[PDB]
Amino acid sequence: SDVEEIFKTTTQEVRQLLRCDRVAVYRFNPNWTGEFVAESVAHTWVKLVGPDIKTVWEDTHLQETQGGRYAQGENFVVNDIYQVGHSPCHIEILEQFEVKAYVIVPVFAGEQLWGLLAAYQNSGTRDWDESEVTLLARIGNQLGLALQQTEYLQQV
Ligand SMILES: *[C@@H](C)[C@H]1/C(=C/c2[nH]c(/C=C3N=C(/C=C4\NC(=O)C(CC)=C4C)C(C)=C\3CCC(=O)O)c(CCC(=O)O)c2C)NC(=O)[C@@H]1C
């Protein structure tokens, strides 16, 4: 799968586009277990996707709801995870990644929702601007097209 290389080089660019620290690719497996296939993070932090690589995130919330609002292709922007009035758990994990805000856009590739595209930036208690959110989703879907193209070519 050389297409991953294409993702690697682009994920680093979109990372700078939204002035983010790290940008993760979250794929939905047949069991919706939450597999991270790749992430572009500054060398100043832990890469995460290195020792184990397979970073699973079993979010029973999104699993039971089959993606929830994300299933309808709706994006979500969190300017701050605390101020939003969120419930316990999920937040504890995010705080550990040195992040307090993020943006989630849906990436469709193939027949269903392939995965989500999230970008985080050193806490970042700022407002996610329209210019950033809409471009992130655009590139996300754009990358999914490369997945389709490669699947069409059937790289063997
Ligand atoms: C402990 C209680 C378990 C848990 C519960 C829980 N989750 C949510 C809400 C959300 N879960 C996600 C999932 C993700 N966010 C990411 O950045 C990633 C990596 C890409 C994943 C997998 C999301 C986005 C939400 C918010 C959107 C939504 O609600 O659909 C809640 C509600 C309160 C909250 O939003 O924090 C609860 C109670 N979460 C876990 O991770 C534990 C398994």
# chains A, B, ... in the order shown; residues from 1 in each chain; ligands from 1

call {"tool": "residues_around", "arguments": {"residues": "residue 101 (chain A)", "least_positions_apart": "3", "cutoff": "10 Å", "atoms": "only C-alpha atoms", "output": "list in words"}}
result
residues 77, 78, 79, 80, 81, 82, 94, 95, 98, 119, 120, 121, 122, 123, 124, 125, 126, 127 and 128 of chain A

call {"tool": "write_last_selection", "arguments": {"atoms": "C-alpha atoms", "output": "CSV table (one decimal), in the first residue's frame"}}
result
chain,number,residue,atom,x,y,z
A,77,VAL,CA,-15.9,21.7,16.4
A,78,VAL,CA,-14.7,21.8,20.0
A,79,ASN,CA,-13.2,25.1,21.0
A,80,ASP,CA,-12.6,23.6,24.5
A,81,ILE,CA,-13.6,20.3,26.0
A,82,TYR,CA,-14.2,21.7,29.4
A,94,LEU,CA,-7.8,14.0,25.5
A,95,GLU,CA,-6.2,15.9,28.3
A,98,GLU,CA,-1.9,17.6,25.9
A,119,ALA,CA,-6.7,17.8,14.2
A,120,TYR,CA,-5.4,18.9,17.5
A,121,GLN,CA,-3.2,21.8,18.5
A,122,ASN,CA,-1.4,22.2,22.0
A,123,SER,CA,-4.6,22.7,23.9
A,124,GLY,CA,-5.8,25.4,21.5
A,125,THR,CA,-8.7,27.0,23.4
A,126,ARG,CA,-9.4,29.0,20.3
A,127,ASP,CA,-12.4,29.1,17.9
A,128,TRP,CA,-12.0,26.8,14.9

call {"tool": "residues_around", "arguments": {"residues": "residue 45 (chain A)", "least_positions_apart": "2", "cutoff": "12 Å", "atoms": "only C-alpha atoms", "output": "list in words"}}
result
residues 21, 22, 40, 41, 42, 43, 47, 48, 49, 96, 97, 98, 99, 121 and 122 of chain A

call {"tool": "residues_near_ligand", "arguments": {"ligand": "ligand 1", "cutoff": "10 Å", "atoms": "only C-alpha atoms and all ligand atoms", "output": "count of residues only"}}
result
56

call {"tool": "select_by_dssp", "arguments": {"residues": "chain A", "states": "alpha helix (DSSP H)", "output": "PyMOL selection string"}}
result
chain A and resi 3-17+60-64+91-96+130-153

call {"tool": "write_last_selection", "arguments": {"atoms": "N, CA and C atoms", "output": "short mmCIF file (atom, residue, chain, number, x, y, z; two decimals), in the first residue's frame"}}
result
data_model
loop_
_atom_site.label_atom_id
_atom_site.label_comp_id
_atom_site.auth_asym_id
_atom_site.auth_seq_id
_atom_site.Cartn_x
_atom_site.Cartn_y
_atom_site.Cartn_z
N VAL A 3 -0.09 4.04 -1.22
CA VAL A 3 -1.02 5.16 -1.03
C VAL A 3 -0.88 5.79 0.36
N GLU A 4 -0.39 5.01 1.33
CA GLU A 4 -0.18 5.51 2.68
C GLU A 4 0.89 6.60 2.68
N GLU A 5 1.85 6.47 1.77
CA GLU A 5 2.91 7.45 1.62
C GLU A 5 2.31 8.79 1.21
N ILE A 6 1.34 8.72 0.29
CA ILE A 6 0.63 9.89 -0.17
C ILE A 6 -0.09 10.56 1.00
N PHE A 7 -0.63 9.74 1.89
CA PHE A 7 -1.29 10.25 3.09
C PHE A 7 -0.28 10.91 4.02
N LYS A 8 0.84 10.24 4.23
CA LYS A 8 1.89 10.75 5.12
C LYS A 8 2.33 12.16 4.74
N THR A 9 2.61 12.37 3.47
CA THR A 9 3.10 13.65 3.01
C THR A 9 2.02 14.75 3.03
N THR A 10 0.77 14.36 2.82
CA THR A 10 -0.32 15.33 2.80
C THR A 10 -0.79 15.68 4.21
N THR A 11 -0.84 14.68 5.08
CA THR A 11 -1.26 14.88 6.46
C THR A 11 -0.36 15.91 7.17
N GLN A 12 0.92 15.94 6.80
CA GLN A 12 1.86 16.88 7.39
C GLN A 12 1.59 18.30 6.89
N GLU A 13 1.05 18.40 5.68
CA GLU A 13 0.78 19.69 5.06
C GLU A 13 -0.50 20.30 5.61
N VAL A 14 -1.54 19.49 5.73
CA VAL A 14 -2.80 19.95 6.29
C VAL A 14 -2.61 20.31 7.77
N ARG A 15 -1.64 19.65 8.39
CA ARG A 15 -1.26 19.93 9.77
C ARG A 15 -0.84 21.39 9.90
N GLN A 16 -0.06 21.85 8.94
CA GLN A 16 0.43 23.22 8.94
C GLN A 16 -0.66 24.18 8.45
N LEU A 17 -1.53 23.69 7.58
CA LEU A 17 -2.63 24.48 7.03
C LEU A 17 -3.51 25.06 8.14
N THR A 60 -17.56 3.19 23.06
CA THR A 60 -18.88 2.57 23.10
C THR A 60 -19.98 3.57 22.71
N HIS A 61 -19.70 4.85 22.89
CA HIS A 61 -20.65 5.90 22.57
C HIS A 61 -20.90 5.93 21.07
N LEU A 62 -19.84 6.05 20.29
CA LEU A 62 -19.93 6.07 18.83
C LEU A 62 -20.24 4.69 18.25
N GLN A 63 -19.96 3.63 19.00
CA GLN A 63 -20.16 2.28 18.48
C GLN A 63 -21.64 1.96 18.49
N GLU A 64 -22.26 2.20 19.63
CA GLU A 64 -23.68 1.93 19.83
C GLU A 64 -24.53 2.81 18.91
N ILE A 91 -12.75 12.87 27.96
CA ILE A 91 -12.04 14.09 28.23
C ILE A 91 -10.70 13.79 28.90
N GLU A 92 -10.70 12.78 29.76
CA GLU A 92 -9.50 12.38 30.49
C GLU A 92 -8.41 11.91 29.53
N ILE A 93 -8.84 11.26 28.46
CA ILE A 93 -7.93 10.75 27.46
C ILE A 93 -7.35 11.89 26.63
N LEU A 94 -8.20 12.84 26.27
CA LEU A 94 -7.79 13.99 25.46
C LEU A 94 -6.79 14.87 26.21
N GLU A 95 -7.08 15.11 27.49
CA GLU A 95 -6.21 15.91 28.35
C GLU A 95 -4.81 15.29 28.42
N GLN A 96 -4.76 13.97 28.32
CA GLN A 96 -3.51 13.23 28.38
C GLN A 96 -2.67 13.46 27.12
N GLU A 130 -14.06 28.89 10.12
CA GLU A 130 -14.74 28.29 8.97
C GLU A 130 -13.71 27.89 7.91
N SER A 131 -12.80 28.81 7.61
CA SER A 131 -11.73 28.61 6.63
C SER A 131 -10.93 27.31 6.88
N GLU A 132 -10.77 26.95 8.15
CA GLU A 132 -10.01 25.76 8.51
C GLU A 132 -10.87 24.50 8.44
N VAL A 133 -12.03 24.56 9.08
CA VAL A 133 -12.93 23.41 9.17
C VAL A 133 -13.34 22.88 7.79
N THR A 134 -13.71 23.78 6.90
CA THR A 134 -14.19 23.40 5.59
C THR A 134 -13.07 22.85 4.70
N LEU A 135 -11.85 23.32 4.92
CA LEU A 135 -10.74 22.88 4.10
C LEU A 135 -10.26 21.51 4.58
N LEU A 136 -10.31 21.30 5.89
CA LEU A 136 -9.92 20.03 6.49
C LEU A 136 -10.79 18.90 5.95
N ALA A 137 -12.10 19.12 5.94
CA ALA A 137 -13.05 18.13 5.44
C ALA A 137 -12.83 17.88 3.95
N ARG A 138 -12.50 18.95 3.23
CA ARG A 138 -12.26 18.86 1.80
C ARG A 138 -11.07 17.96 1.51
N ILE A 139 -9.94 18.23 2.16
CA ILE A 139 -8.74 17.42 1.98
C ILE A 139 -8.99 15.99 2.45
N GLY A 140 -9.77 15.86 3.52
CA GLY A 140 -10.11 14.54 4.04
C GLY A 140 -10.80 13.69 2.99
N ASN A 141 -11.80 14.26 2.33
CA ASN A 141 -12.52 13.54 1.28
C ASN A 141 -11.63 13.34 0.06
N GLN A 142 -10.78 14.33 -0.19
CA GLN A 142 -9.83 14.28 -1.30
C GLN A 142 -8.88 13.09 -1.15
N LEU A 143 -8.43 12.86 0.08
CA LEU A 143 -7.54 11.75 0.37
C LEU A 143 -8.27 10.43 0.21
N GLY A 144 -9.57 10.44 0.53
CA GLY A 144 -10.37 9.25 0.40
C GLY A 144 -10.53 8.83 -1.05
N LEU A 145 -10.43 9.80 -1.96
CA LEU A 145 -10.54 9.53 -3.38
C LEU A 145 -9.32 8.76 -3.85
N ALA A 146 -8.17 9.07 -3.26
CA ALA A 146 -6.93 8.38 -3.57
C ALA A 146 -7.02 6.93 -3.14
N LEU A 147 -7.76 6.70 -2.06
CA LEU A 147 -7.98 5.36 -1.55
C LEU A 147 -8.83 4.58 -2.53
N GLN A 148 -9.81 5.26 -3.12
CA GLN A 148 -10.71 4.64 -4.08
C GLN A 148 -9.96 4.35 -5.37
N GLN A 149 -9.19 5.32 -5.83
CA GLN A 149 -8.37 5.17 -7.03
C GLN A 149 -7.43 3.96 -6.89
N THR A 150 -6.75 3.87 -5.76
CA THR A 150 -5.83 2.77 -5.51
C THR A 150 -6.58 1.44 -5.42
N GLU A 151 -7.78 1.47 -4.85
CA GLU A 151 -8.60 0.27 -4.73
C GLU A 151 -9.09 -0.17 -6.11
N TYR A 152 -9.36 0.81 -6.96
CA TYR A 152 -9.80 0.58 -8.33
C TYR A 152 -8.68 -0.06 -9.14
N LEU A 153 -7.47 0.45 -8.95
CA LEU A 153 -6.30 -0.08 -9.62
C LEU A 153 -5.94 -1.45 -9.07
#

call {"tool": "select_by_dssp", "arguments": {"residues": "region 3-66 of chain A", "states": "strand (DSSP E)", "output": "PyMOL selection string"}}
result
chain A and resi 22-27+35-41+55-56

call {"tool": "write_last_selection", "arguments": {"atoms": "N, CA and C atoms", "output": "JSON list (two decimals), in the first residue's frame"}}
result
[["chain", "number", "residue", "atom", "x", "y", "z"],
["A", 22, "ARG", "N", -0.84, 18.29, 15.76],
["A", 22, "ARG", "CA", -0.98, 16.94, 15.27],
["A", 22, "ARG", "C", -2.32, 16.75, 14.57],
["A", 23, "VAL", "N", -2.34, 15.82, 13.63],
["A", 23, "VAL", "CA", -3.52, 15.50, 12.85],
["A", 23, "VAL", "C", -3.60, 13.99, 12.72],
["A", 24, "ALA", "N", -4.66, 13.42, 13.22],
["A", 24, "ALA", "CA", -4.79, 11.98, 13.25],
["A", 24, "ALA", "C", -5.84, 11.48, 12.28],
["A", 25, "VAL", "N", -5.62, 10.28, 11.78],
["A", 25, "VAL", "CA", -6.54, 9.63, 10.89],
["A", 25, "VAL", "C", -7.18, 8.47, 11.64],
["A", 26, "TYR", "N", -8.48, 8.50, 11.75],
["A", 26, "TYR", "CA", -9.21, 7.53, 12.54],
["A", 26, "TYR", "C", -10.12, 6.70, 11.64],
["A", 27, "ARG", "N", -9.79, 5.44, 11.47],
["A", 27, "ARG", "CA", -10.56, 4.58, 10.57],
["A", 27, "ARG", "C", -11.54, 3.70, 11.34],
["A", 35, "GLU", "N", -9.61, 2.33, 15.00],
["A", 35, "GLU", "CA", -8.20, 2.13, 14.69],
["A", 35, "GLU", "C", -7.57, 3.38, 14.06],
["A", 36, "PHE", "N", -6.44, 3.80, 14.62],
["A", 36, "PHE", "CA", -5.67, 4.89, 14.06],
["A", 36, "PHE", "C", -4.67, 4.32, 13.06],
["A", 37, "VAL", "N", -4.78, 4.74, 11.81],
["A", 37, "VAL", "CA", -3.90, 4.22, 10.78],
["A", 37, "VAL", "C", -2.66, 5.10, 10.61],
["A", 38, "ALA", "N", -2.79, 6.38, 10.94],
["A", 38, "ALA", "CA", -1.69, 7.32, 10.79],
["A", 38, "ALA", "C", -1.99, 8.62, 11.51],
["A", 39, "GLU", "N", -0.94, 9.35, 11.84],
["A", 39, "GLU", "CA", -1.06, 10.65, 12.47],
["A", 39, "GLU", "C", 0.21, 11.46, 12.23],
["A", 40, "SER", "N", 0.04, 12.74, 11.98],
["A", 40, "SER", "CA", 1.16, 13.63, 11.80],
["A", 40, "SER", "C", 1.27, 14.53, 13.01],
["A", 41, "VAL", "N", 2.26, 14.27, 13.84],
["A", 41, "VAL", "CA", 2.47, 15.03, 15.05],
["A", 41, "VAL", "C", 3.89, 15.59, 15.09],
["A", 55, "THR", "N", -3.36, 1.89, 17.42],
["A", 55, "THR", "CA", -3.95, 2.56, 18.53],
["A", 55, "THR", "C", -5.46, 2.46, 18.41],
["A", 56, "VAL", "N", -6.03, 1.53, 19.14],
["A", 56, "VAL", "CA", -7.46, 1.32, 19.13],
["A", 56, "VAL", "C", -8.15, 2.21, 20.16]]

call {"tool": "atom_distance", "arguments": {"atom1": "CA of residue 2 (chain A)", "atom2": "CA of residue 155 (chain A)"}}
result
8.5 Å

call {"tool": "atom_distance", "arguments": {"atom1": "CA of residue 1 (chain A)", "atom2": "CA of residue 106 (chain A)"}}
result
22.2 Å

call {"tool": "atom_distance", "arguments": {"atom1": "CA of residue 30 (chain A)", "atom2": "CA of residue 109 (chain A)"}}
result
14.2 Å
